[PDB]
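Its first residue numbered 114, the sequence shown is counted upward by one per residue in my numbering. We put the CB at the ideal spot given by N, CA and C, even for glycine.
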Amino acid sequence: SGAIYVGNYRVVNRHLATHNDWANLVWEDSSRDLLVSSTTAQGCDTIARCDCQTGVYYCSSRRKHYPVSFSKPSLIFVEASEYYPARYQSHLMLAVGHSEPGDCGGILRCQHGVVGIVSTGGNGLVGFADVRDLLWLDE
Ligand SMILES: COc1ccccc1CC(=O)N1CCCC[C@H](C(N)=O)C1
Ligand SMILES: [Zn+2]
């Protein structure tokens with residue numbers, strides 16, 4: 114679990130969005146596993162606007178942060194799950210690091226701010242949904 118709170122927006126994994134997120138929907142994209150909802154309170158986070166390929170993510174299944182080198186956002190095949198059919202997930206960045214399904218929502222940050230959130234993983238892999246291209250989150 115986990116979310117990004119920026120301005121009057123809450124960014125979550127689309128597959129973990131609540132009834133309240135959907136009732137206050139701003140934007141969602143199944144191909145990216147992202148959903149953004151509106152909030153009444155002002156958010157605590159700031160978004161990176163950069164091309165960093167290293168950063169640190171929070172891993173809830175270890176209660177720890179880990180450094181990572183990750184690939185640029187791209188279209189990657191993701192196997193079927195309870196939440197989605199087998200499909201290509203876009204704007205996804207992969208890295209070597211520990212993850213379990215419940216780690217979705219953990220934030221990946223570089224020195225410039227929030228880069229994205231955990232969205233996929235595998236045997237010693239962790240994948241992050243990028244949010245740096247969503248320029249409208251800042252206004
Ligand atoms: C962090 O997730 C994992 C980590 C280790 C192993 C497996 C997973 C689970 C995973 O990658 N899934 C299935 C559940 C959620 C939806 C994801 C998606 N974005 O399509 C894909
Ligand atoms: Zn950066």
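Look at the alpha carbon of residue i and the alpha carbon of residue j, and state the distance between them as a whole number of angstroms.
i	j	result
residue 240	residue 165	15 Å
residue 251	residue 118	11 Å
residue 142	residue 127	8 Å
residue 133	residue 163	31 Å
residue 188	residue 205	6 Å
Just curious, the beta strand (DSSP E) that residue i is in, first and last residue?
i	result
residue 132	Taken as a continuous stretch (DSSP letters only), residue 132 belongs to no beta strand (DSSP E), being part of the alpha helix (DSSP H) at 132-136.
residue 200	200-209
residue 242	238-243
residue 162	Where residue 162 is concerned, there is no enclosing beta strand (DSSP E), given that its DSSP letter is neither H nor E.
With a 10 Å radius around its C-beta and 16 neighbouring C-beta atoms as the bar for buried, classify residue i as buried or exposed.
i	result
residue 186	buried
residue 170	buried
residue 245	buried
residue 176	exposed
Residue i and residue j look like a contact to me (Cβ under 8 Å); what is the Cβ gap, rounded to whole Å?
i	j	result
residue 228	residue 217	15 Å between Cβ atoms; not a contact.
Does the region 205-225 come within contact of the region 171-191, defined as at least 3 CB pairs closer than 8 Å? yes
Are at least three pairs of beta-carbons, each pair with one atom in the region 218-227 and one in the region 186-204, less than 8 Å apart? no
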